[PDB]
Amino acid sequence: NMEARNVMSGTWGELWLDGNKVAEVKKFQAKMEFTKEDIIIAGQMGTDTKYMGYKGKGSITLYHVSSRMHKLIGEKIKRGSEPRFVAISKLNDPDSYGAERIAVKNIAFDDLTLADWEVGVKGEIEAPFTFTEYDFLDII
Amino acid sequence: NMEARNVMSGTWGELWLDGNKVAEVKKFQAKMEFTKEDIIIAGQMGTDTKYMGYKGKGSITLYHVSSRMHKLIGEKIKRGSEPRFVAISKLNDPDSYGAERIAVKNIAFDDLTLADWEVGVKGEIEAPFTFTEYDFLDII
Amino acid sequence: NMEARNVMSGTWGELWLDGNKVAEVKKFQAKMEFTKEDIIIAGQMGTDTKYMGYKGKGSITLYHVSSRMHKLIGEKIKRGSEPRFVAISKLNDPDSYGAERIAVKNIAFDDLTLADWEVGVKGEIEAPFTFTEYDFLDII
Amino acid sequence: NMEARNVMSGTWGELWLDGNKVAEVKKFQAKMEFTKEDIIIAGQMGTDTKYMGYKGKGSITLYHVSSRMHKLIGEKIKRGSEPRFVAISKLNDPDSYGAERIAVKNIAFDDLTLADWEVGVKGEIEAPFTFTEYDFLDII
Amino acid sequence: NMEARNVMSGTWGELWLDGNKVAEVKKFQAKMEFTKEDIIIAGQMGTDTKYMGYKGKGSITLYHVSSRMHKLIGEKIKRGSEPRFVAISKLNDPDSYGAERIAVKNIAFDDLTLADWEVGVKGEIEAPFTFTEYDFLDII
Amino acid sequence: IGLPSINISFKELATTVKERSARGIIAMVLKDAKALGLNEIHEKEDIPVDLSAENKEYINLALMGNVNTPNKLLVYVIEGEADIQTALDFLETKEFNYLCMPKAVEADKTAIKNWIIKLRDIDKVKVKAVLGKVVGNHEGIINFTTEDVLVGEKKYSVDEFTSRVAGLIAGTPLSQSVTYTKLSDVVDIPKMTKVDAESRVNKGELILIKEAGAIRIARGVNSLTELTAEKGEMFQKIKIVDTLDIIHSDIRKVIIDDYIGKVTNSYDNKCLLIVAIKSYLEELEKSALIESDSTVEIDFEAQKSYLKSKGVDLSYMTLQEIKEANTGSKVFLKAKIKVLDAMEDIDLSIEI
Amino acid sequence: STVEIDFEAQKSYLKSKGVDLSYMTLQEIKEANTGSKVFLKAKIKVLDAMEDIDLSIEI
Amino acid sequence: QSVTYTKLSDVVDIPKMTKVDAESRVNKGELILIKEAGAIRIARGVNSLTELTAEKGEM
Amino acid sequence: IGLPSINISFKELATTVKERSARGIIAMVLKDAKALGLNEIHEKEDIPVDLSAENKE
């Protein structure tokens with residue numbers, strides 16, 4: 001029941017940020033990294049672990065076609081007001097079993113690129129972030 | 001008695017996780033790393049070691065065809081309940097001497113990938129874990 | 001008196017472990033790393049050293065044809081009994097001056113690989129170790 | 001005769017308190033501090049000492065899994081009736097010469113921890129004590 | 001005449017206690033602290049001192065392989081009869097000028113460790129003492 | 001299964017028993033008309049009641065050790081009117097360290113002496129006998145020559161006290177020697193001057209002397225007296241010969257169990273044998289039975305001689321090729337060790 | 001180890017049947033028809049086990 | 001392997017025989033038992049072939 | 001082929017002579033009243049007993 005055609009292709013990804021579609025998206029990533037602490041039990045040779053929580057980390061890459069991130073955060077960051085956002089990522093490959101749609105919430109960006117250009121090179125923007133919550137809509 | 005045909009090929013590997021077959025498996029690894037501490041003996045130039053225990057470490061890679069990991073751990077991790085699992089790996093190359101089957105127990109995963117996609121790139125998932133026990137069924 | 005044909009080729013290596021021939025051996029390494037501590041002498045610009053001892057380190061690589069390491073150490077390590085071994089390495093190139101045979105003693109392995117396989121990749125096992133003694137039989 | 005494997009590892013320790021086994025024990029200490037008074041002898045440059053007695057001091061550390069110490073001492077200490085306990089400590093490393101088992105008697109604890117928690121930190125309890133008697137069972 | 005190789009290494013130390021060699025010795029210390037009293041002389045700005053005596057202090061550290069100290073002193077200390085011991089220390093580094101051997105006499109130990117273990121930690125014992133006499137055998 | 005039993009009983013103190021030695025096996029040949037065969041004795045109380053009282057006292061004598069009791073006693077009984085060869089042939093199969101027989105005569109001592117010399121020199125089994133009046137020139141014969149030993153107002157002849165001597169020797173740890181070991185149970189021995197004791201020790205006899213305190217053994221010598229270049233003064237001492245016999249027996253066990261008839265006679269297998277023997281010697285060094293820095297290696301001169309005796313031409317033949325050459329079913333090895341003696345003689349010069 | 005045609009046995013058989021060996025090539029003799037017989041030869045080596053040991057210990 | 005020096009545990013007694021006699025019997029072509037510290041054992045794994053020729057060697 | 005010979009022997013310490021050279025052949029002619037002829041000598045330990053002490057040295 002496993003066929004090569006079932007593997008999901010990243011070209012069939014879509015992204016909404018702050019309620020707006022991002023047509024120029026190149027990649028999207030979001031992962032929960034667990035905090036685990038070692039615990040040695042008397043009489044047991046194998047060291048065990050206790051789960052303590054998690055830290056959400058992610059990134060977005062865009063082709064540089066507009067000033068999206070500047071408008072989203074630039075003026076507010078300088079004044080000491082930090083905004084938070086919601087992102088929705090959808091992966092719907094027509095040859096796959098179904099679609100994967102996930103909302104990532106309480107997003108805080110790590111930085112802001114004002115300018116990054118080089119002669120003979122096309123422009124791209126990498127924007128890392130952190131987050132704390134999520135919801136599953138249409139898992140496979 | 002050693003021939004090139006006897007070397008085991010990784011294409012002949014199979015994996016069960018939580019009692020379910022994983023048809024989309026790409027690699028499987030599990031290793032016990034020993035804790036050793038130096039001990040210098042009076043009158044001896046070569047420093048020796050004392051064995052104190054071990055830490056089990058491993059990883060699984062899958063082609064992205066479904067939401068297997070999401071369903072296994074996502075909702076429970078957010079609530080503070082950490083689940084533990086059993087995995088069975090089998091390596092049965094028809095040109096080898098025999099089969100090697102091992103159960104890896106008390107598995108705790110290290111993270112959870114919610115999304116990782118890029119335009120023009122096929123989807124894959126890497127899931128590291130830790131473990132404390134094992135059993136030999138059909139060694140060679 | 002030095003000719004290119006005299007250089008020893010690694011294909012002419014042989015290995016015994018725990019008294020048994022290892023036909024599937026790919027490489028063997030063993031080295032003594034000296035512990036040296038700096039000593040500055042009054043009136044001398046060049047910093048000197050004092051020799052304090054050594055640490056023996058090595059490694060073995062095998063093609064994966066059997067469960068050799070599993071049987072050697074798996075059950076004993078879990079119970080808290082650490083076994084120690086003797087290895088004999090021989091290098092006898094027919095075009096070289098002579099043979100070089102060395103016994104490496106009080107060997108303690110650093111880990112144990114339970115499984116490591118990937119689709120489309122042939123299996124290999126890498127096993128590092130430490131040791132404290134040795135003997136020269138047939139040096140050149 | 002003396003080899004690094006003979007050194008006793010603390011992971012092979014076990015503890016009984018008031019007749020009940022303590023599976024969550026992290027460490028155990030018990031030591032007799034001697035009381036010595038200086039004495040200067042006429043005609044002698046080196047000052048000598050006279051032995052006068054001893055004070056027994058110790059402590060236990062546990063992972064916080066239950067309310068063991070609360071149930072042992074809390075209500076009685078408030079009413080003014082101080083309880084006294086017996087502890088048995090056993091160290092049985094399979095690679096050592098033998099087992100070391102000791103009973104520590106007339107134990108009086110120094111304090112009681114009602115709560116000690118911090119966000120992001122796993123719970124531990126430290127319980128110092130004093131004692132006056134002991135007995136040797138299974139010395140090496 | 002002086003070179004870095006002449007510095008004596010502590011790995012070439014050996015110890016006898018109460019006539020019995022202790023192969024598990026980690027370190028040995030013995031030192032005489034002088035008692036000095038200030039004396040101000042009329043007409044002199046620099047304050048001088050008068051030598052009055054000395055107090056011998058020392059320590060031994062061992063790897064925990066047996067119940068040596070328990071058997072040496074435990075029963076006698078409880079009954080009130082304090083024993084006294086003789087220790088001999090030898091330092092013979094093959095690259096030094098010669099051997100340094102010293103007898104330390106009328107040793108009285110400061111305490112007794114009944115148990116000191118922690119999960120994941122190898123066992124060691126520290127035994128401080130006092131003494132009044134010594135003798136030189138093989139000075140350099 | 002019965003009712004539960006909580007049996008709490010009272011009694012007075014019981015006499016302590018001396019500790020058992022892991023080493024030292026004694027075989028003793030006795031004569032009685034009853035209860036023949038081989039009897040294995042572990043503790044003093046376990047003695048078959050069929051033997052006469054005299055044999056019971058002999059066994060009790062052999063039971064007392066020096067620092068520990070001997071590990072095991074093997075008792076062979078013969079009725080009489082028969083050769084001692086009948087018991088010697090049976091003992092050729094058993095494993096033991098010392099052999100004694102309290103009742104003997106000159107021809108019987110001759111039989112035991114010849115038998116042990118045969119075992120040691122021809123059958124390659126290291127055993128020893130303690131005999132009353134025998135002038136053997138061998139390190140395998142211990143000549144105990146003391147007349148009329150008196151224990152608890154009794155008369156023991158020289159031949160019948162050797163059970164006590166054999167137990168004494170078997171009960172001694174390997175790091176020590178029997179020189180000046182005192183026998184508390186002995187009360188009286190015939191008058192003896194120091195010059196005579198010197199002469200007897202020089203002639204190779206194990207004797208008792210009266211010294212400061214109780215009765216004690218004089219010196220720990222063998223019966224060996226003739227010294228050559230191969231056999232020096234060290235071979236005259238009991239302690240050294242005991243250590244050498246232990247080494248011989250252990251190495252022979254390893255060789256016979258693991259190698260003889262089991263593996264092909266190739267150079268690789270010879271190297272494996274060398275490693276095994278070296279590890280045994282290292283184990284001995286870790287216990288201080290022998291000194292450090294002992295070696296094992298291929299005996300090159302002997303192999304060259306064997307190859308020459310077979311018609312091989314050692315012309316333009318590399319030393320490596322000679323070392324690795326096939327030698328039929330034979331192996332030539334050599335080794336070096338060192339053993340220390342006990343403290344026995346002290347000079348102290350005092351200036352006043 | 002080796003295996004090959006036993007040329008001399010084939011020649012003796014051919015002589016016994018009456019064929020001529022003069023003016024016959026060696027290749028001609030080797031490939032000659034021999035009814036139902038096949039003549040072959042080989043060479044092997046076998047080693048002995050360990051049964052005698054001499055160990056000389058110097059003290 | 002070879003049966004040389006193989007021990008037979010259940011055997012516990014054998015007629016006595018001197019060393020030169022055992023040597024002569026082995027050189028005659030007989031398989032014999034011998035006595036040793038511990039159990040009894042086979043002496044040497046020899047055949048009954050004694051007349052050796054240029055085609056039949058000692059192997 | 002005889003019986004198997006497993007012999008472990010103990011003996012006092014011994015020395016070793018110098019290693020030999022395959023270089024050097026000397027022809028020496030000496031007059032003697034006994035044992036005339038050609039004598040090849042490999043070592044000084046093995047000299048035939050016929051020669052005089054003066055010629056032996």
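Reminder, nothing fancy here: chain letters follow the sequence lines and each chain counts from 1.
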Checklist line | Partners passing salt bridge (charged side-chain N to carboxylate O under 4.0 Å, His left out) against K270(F) (at least two apart in sequence or in another chain) | finding: none
Note to self: I'd like to know if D116(C) and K31(B) make a salt bridge, using a cut-off of under 4.0 Å between side-chain N and carboxylate O.
What the structure shows: no
Which pairs would a plain distance check flag for residues 53-60 of chain B, meaning a side-chain donor or acceptor within less than 3.5 Å of a matching protein atom at least two apart in sequence or in another chain?
unit_1: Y54(B); atom_1: OH; unit_2: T132(B); atom_2: O; d: 2.6
unit_1: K55(B); atom_1: NZ; unit_2: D38(A); atom_2: OD1; d: 3.2
unit_1: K55(B); atom_1: NZ; unit_2: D38(A); atom_2: OD2; d: 3.4

Note to self: Looking at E58(H), I'd like to know if its CD atom is crowded, meaning that more than 12 non-hydrogen atoms belonging to other residues, nucleotides or ligands lie closer than 6.0 Å.
What the structure shows: no
Note to self: Test of understanding: with side-chain hydrogen bond (donor to acceptor under 3.5 Å, both in side chains), list the residues that count as partners of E82(C), not counting sequence neighbours.
What the structure shows: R84(C)
Notebook entry, point to check: Once you round to the nearest 0.5 Å, how far does OG of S279(F) lie from CG of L284(F)?
Noted result: 10.0 Å
Check: Is the backbone N or O of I42(H) less than 3.5 Å from a side-chain atom of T6(H), with the two atoms forming a donor-acceptor pair by type?
Finding: no
Item checked: For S9(B) against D93(B), the heavy-atom pair lying closest together -> N-OD2, 2.9 Å
Checklist line | Over all atoms of both residues, closest heavy-atom pair of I140(B) and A99(B) | finding: CG1-O, 3.2 Å
Checklist line | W117(C) vs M8(B) side-chain heavy atoms within contact, under 4.5 Å | finding: no
Next item on the list: Please round to the nearest 0.5 Å and tell me the distance separating atom CH2 of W12(C) and atom CG of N92(C).
Entry: 8.5 Å
Item checked: Test item: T11(B) side-chain N/O and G120(C) main-chain N/O as donor-acceptor pair under 3.5 Å -> yes
Check: Under the side chain to side chain contact (heavy atoms under 4.5 Å, CB included) criterion, do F28(C) and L91(C) qualify, and how do the steps go?
Finding: CA-CA 11 Å; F28(C) 183 82; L91(C) 198 52; over 6 Å; no
Notebook entry, point to check: In Å and rounded to the nearest 0.5 Å, what is the CD to OG1 distance from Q1(H) to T264(F)?
Noted result: 11.5 Å
Notebook entry, point to check: Less than 4.5 Å apart, any side-chain heavy atom of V312(F) and any of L314(F)?
Noted result: yes
Notebook entry, point to check: Run the salt bridge (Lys or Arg N to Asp or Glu O under 4.0 Å) check on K50(B) and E37(B) step by step: do they pass?
Noted result: CA-CA 6 Å; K50(B) 159 81 181 175; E37(B) 143 77 25; over 6 Å; no
Margin query: Looking at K21(C) and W16(C), would you say the former's side chain and the latter's main chain have a donor-acceptor pair under 3.5 Å?
Written below: no
Item checked: Residues in side-chain hydrogen bond (donor to acceptor under 3.5 Å, both in side chains) contact with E24(C), at least two apart in sequence or another chain -> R68(C)
Margin query: Check whether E285(F) reaches the backbone of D293(F) with its side chain - one donor and one acceptor, N or O, closer than 3.5 Å.
Written below: yes
Notebook entry, point to check: Is there side-chain contact between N326(F) and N265(F), with heavy atoms separated by less than 4.5 Å?
Noted result: no
Checklist line | Least distance between heavy atoms, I73(C) atom then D111(C) atom | finding: CD1-O, 3.8 Å
Check: Is there a donor-acceptor pair closer than 3.5 Å between any side-chain N or O of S96(C) and the backbone N or O of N6(C)?
Finding: yes
Note to self: Would you say OH of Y134(C) has more than 12 non-hydrogen atoms from neighbouring residues, nucleotides or ligands within 6.0 angstrom?
What the structure shows: no
Note to self: Would you say that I277(F) contacts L273(F) through its side chain, given a criterion of any heavy-atom pair below 4.5 Å between the two side chains?
What the structure shows: yes
Would you mind writing out the side-chain donor-acceptor pairs for residues 317-325 of chain F within the sub-3.5 Å range, not counting sequence neighbours?
unit_1: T318(F); atom_1: OG1; unit_2: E321(F); atom_2: OE2; d: 3.1
unit_1: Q320(F); atom_1: NE2; unit_2: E324(F); atom_2: OE1; d: 2.7
unit_1: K323(F); atom_1: NZ; unit_2: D138(C); atom_2: OD1; d: 2.2
unit_1: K323(F); atom_1: NZ; unit_2: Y267(F); atom_2: OH; d: 3.3

Check: Just how far is it from atom OG of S9(I) to atom NZ of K124(F), taken to the nearest 0.5 Å?
Finding: 7.5 Å
Checklist line | Side-chain heavy atoms of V296(F) within contact of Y280(F), under 4.5 Å | finding: no
Check: Taking the inter-plane angle between the rings of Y51(B) and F34(B) on a 0 to 90° scale, is it parallel (under 30°), tilted (30 to 60°) or perpendicular (over 60°)?
Finding: perpendicular
Check: In this structure, are over 12 heavy atoms from other groups packed under 6.0 Å from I40(B) atom CD1?
Finding: no
Note to self: Run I77(C) and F109(C) through side chain to side chain contact (heavy atoms under 4.5 Å, CB included) and show every step you take.
What the structure shows: CA-CA 10 Å; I77(C) 272 290; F109(C) 287 97; over 6 Å; no
Checklist line | Least distance between heavy atoms, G80(C) atom then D95(D) atom | finding: O-OD2, 3.3 Å
Item checked: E3(C) side chain to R5(C) backbone, donor-acceptor under 3.5 Å -> no
Notebook entry, point to check: Just checking, any donor-acceptor pair under 3.5 angstrom between side chains of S329(F) and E51(G)?
Noted result: no
Notebook entry, point to check: For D258(F) and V263(F), which heavy atoms make the closest approach, and how far apart are they?
Noted result: O-CG1, 4.3 Å
Margin query: Main chain of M50(G), side chain of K262(F): is a donor-acceptor contact present, judged purely on distance under 3.5 Å?
Written below: no
Next item on the list: Mark yes or no for whether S249(F), through its side chain, and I246(F), through its backbone, hold a donor-acceptor pair below 3.5 Å.
Entry: no
Next item on the list: List the steps and the verdict of side chain to side chain contact (heavy atoms under 4.5 Å, CB included) for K330(F) and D54(G).
Entry: CA-CA 8 Å; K330(F) 307 180 166 284; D54(G) 279 43; over 6 Å; no
Next item on the list: Could you go through the salt bridge (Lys or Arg N to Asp or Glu O under 4.0 Å) check for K26(B) and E118(C) one step at a time?
Entry: CA-CA 6 Å; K26(B) 194 176 158 154; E118(C) 189 181 332; 5.2 Å; no
Check: For the side chain of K36(B) and the backbone of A108(C), is there at least one donor-acceptor N/O pair under 3.5 Å apart?
Finding: yes
Next item on the list: Could you list all the ring-ring contact (aromatic ring centres under 6.0 Å, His included) pairs where at least one residue sits in residues 55-77 of chain C, not counting sequence neighbours?
Entry: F136(B)-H70(C)
Check: Are side-chain heavy atoms of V7(D) and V65(E) found at a separation under 4.5 Å?
Finding: yes
Notebook entry, point to check: Say you draw a straight line from CD of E126(C) to NZ of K27(C); how long is it, rounded to the nearest 0.5 Å?
Noted result: 6.0 Å
Next item on the list: Taking all non-hydrogen atoms of both residues into account, name the closest pair between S67(C) and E100(B) and its distance.
Entry: OG-OE1, 2.7 Å
Notebook entry, point to check: Hey, is NZ on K78(C) packed in by over 12 heavy atoms from elsewhere, all under 6.0 Å?
Noted result: yes
Checklist line | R41(H) side-chain N/O to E36(H) backbone N/O, donor-acceptor pair under 3.5 Å | finding: no
Next item on the list: First locate atom CD1 of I139(B), then atom NZ of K71(C), and finally report the distance between them rounded to the nearest 0.5 Å.
Entry: 4.5 Å
Item checked: Heavy atoms from other residues, nucleotides or ligands near NZ of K76(C) exceed 12 (cutoff 6.0 Å) -> no
Note to self: Using the rule given for side chain to side chain contact (heavy atoms under 4.5 Å, CB included), can you reason through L272(F) versus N269(F), listing the C-alpha separation, both sets of side-chain angles and the distance that settles it, and then say yes or no?
What the structure shows: CA-CA 5 Å; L272(F) 284 165; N269(F) 290 332; 3.9 Å; yes
Notebook entry, point to check: Can you find a pair of side-chain heavy atoms, one from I298(F) and one from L333(F), that are under 4.5 Å apart?
Noted result: yes
Next item on the list: Find out whether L72(C) and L17(C) are in side-chain contact, i.e. whether some heavy atom of one side chain is under 4.5 Å from a heavy atom of the other.
Entry: yes
